[PDB]
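Engineer: Sending over a structure as structure tokens; questions will come in a sec.
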Amino acid sequence: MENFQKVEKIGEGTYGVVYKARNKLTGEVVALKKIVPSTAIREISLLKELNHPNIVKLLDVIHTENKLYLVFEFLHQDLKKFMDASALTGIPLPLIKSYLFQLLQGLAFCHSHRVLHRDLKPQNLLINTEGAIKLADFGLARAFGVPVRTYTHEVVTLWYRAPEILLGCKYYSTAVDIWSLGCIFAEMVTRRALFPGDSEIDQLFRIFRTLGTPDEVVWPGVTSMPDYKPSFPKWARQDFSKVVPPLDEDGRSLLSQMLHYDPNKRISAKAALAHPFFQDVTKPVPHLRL
Ligand SMILES: N#Cc1cnn2cccnc12
């Protein structure tokens, strides 16, 4: 693209290469995404108007030469590297709470417009020096489906995937995003992924092992989902105090609601913003290494 000067490759999404680049007329540095169906162009252009302080701004959509490029605001780090970087000591809780609170704000906005992310994970949560956290690639899954490999044949992570998706539900809701964000929340607290599955059954069975094999008591209609099998092992549910120590009562309460099996029982973003866990939320600034 002639108006852009590629500074460096900085990623490789499900969708393709991500470059840091600098607008040749506007001086602007941006994230340049290389990704043509009529539908997909009409879906992306909706995304241009879906603006929020906790959503990485889509600056431009360039359709030229049957190539598609998306230009986003550039942020210098993602939550994955920040988490690796804070492995030895952990993210201080007040910072974890701030990030969760901002991310729920993002989702509450998106969801109010009936837009899902579908593929939340630490690598798509982008952090700045100001104590801000933003959701990247929002709305991209519906525009281009969610691949098993990346264009680089990289394996797409299952770790944050909701059970109803794993169980073959076609028509899933905004609750899928709540699940993922609860998995990330647990991960920030404990410094280990909650459910690090390396296939779909392994991901489903890691879920069942911590939370209990769902049944018709806790999840009405589960046994009639497309990929449910009566032969599932029946595992007992673990208590959360074992799952996420040393998270406090409020956090653990909030966490369990974000991880309800039944997508209709699972906490909404808007209702999670009201949880008393956030009573004393503040906005710390992280110490970063640019
Ligand atoms: N999409 C996107 C995006 C915006 N800023 N970024 C920095 C690093 C990696 N990806 C991005």
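The residues of chain A that appear here are 1-35, 44-298 by Swiss-Prot count, in order.
Cβ atoms here come from the backbone N, Cα and C positions, even for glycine.
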Engineer: To which residue among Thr14, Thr47, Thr137, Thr231 does Swiss-Prot attach the annotation phosphothreonine?
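Structural biologist: Annotation hit in Swiss-Prot: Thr14.
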Engineer: From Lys6, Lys24, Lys56, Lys88, name the one Swiss-Prot lists as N6-acetyllysine.
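Structural biologist: The candidate carrying the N6-acetyllysine note in Swiss-Prot is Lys6.
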Engineer: Candidates are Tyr15, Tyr77, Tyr107, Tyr180; I want to know which one Swiss-Prot annotates as phosphotyrosine.
Structural biologist: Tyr15
Engineer: Rounded to a whole number, what is the Cα-Cα distance in Å spanning the 8-residue gap between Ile35 and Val44?
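Structural biologist: Cα-Cα distance across the unmodelled segment: 10 Å.
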Engineer: From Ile10, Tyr19, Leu83, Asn132, which recorded positions have a C-beta atom under 6 Å away from some atom of ligand 1?
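Structural biologist: If the test is a Cβ under 6 Å from any atom of ligand 1, the answer is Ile10, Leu83.
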Engineer: Looking only at C-alpha atoms, tell me how far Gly13 (ATP binding site) is from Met1 (N-acetylmethionine), rounded to the nearest Å.
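Structural biologist: That separation, Cα to Cα, works out to 19 Å.
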